[PDB]
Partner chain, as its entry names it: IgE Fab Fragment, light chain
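The chain below stands alone and is given in structure tokens; this is the form deposited without the partner chain.
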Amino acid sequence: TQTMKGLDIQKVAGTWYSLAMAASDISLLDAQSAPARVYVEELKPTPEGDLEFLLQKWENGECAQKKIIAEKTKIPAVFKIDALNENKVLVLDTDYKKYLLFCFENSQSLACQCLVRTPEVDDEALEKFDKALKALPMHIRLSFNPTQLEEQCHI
């Protein structure tokens, strides 16, 4: 939809925090176990330029660990998930050292996140997140406080 020009994927490696989330549909986020309520722990680019995500997900009554690889495409900012469905991960913007904005898109519904490196509310990153979101048909948004950011599944 809107993407990071000149993305250097190797430089997104490491720790991240899902500071804020937004989605096209309320049901994607408005339950503790909602489909898009997915918490990023780490991004692990592969030497071949795929992007592995370490995630948490509340499911069947607890906070489960998940590990998913999004495969590279010819566009550096766009990755594809191997599944029954054809979903994409799009990297909208990042400065590598503080924030990264991305969206998960199907083939439609959209969930986006504002990721930050540290458990702090970064108003500048959130401002960039909101600017990105005005071009998208979002209907739910939420953000987490520093206490929650240090808990499993942001409880």
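Numbering follows the first chain given and starts at 1.
A second form of this protein, the form deposited with the partner chain bound, is not displayed here; the remarks below concern that form.
Proximity of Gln152 to the partner chain in the entry with it bound: non-hydrogen atoms within 4.5 Å are present.
Proximity of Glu42 to the partner chain in the entry with it bound falls within the 4.5 Å heavy atom cutoff. In the entry with it bound, no heavy atom of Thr94 sits within 4.5 Å of the partner chain. Not displayed here, the partner chain is kept clear of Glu48 by more than 4.5 Å at the level of heavy atoms in the entry with it bound. Contact annotation for 64-96: residues with any non-hydrogen atom within 4.5 angstroms of the partner chain in the entry with it bound are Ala64, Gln65, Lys67, listed in sequence order.
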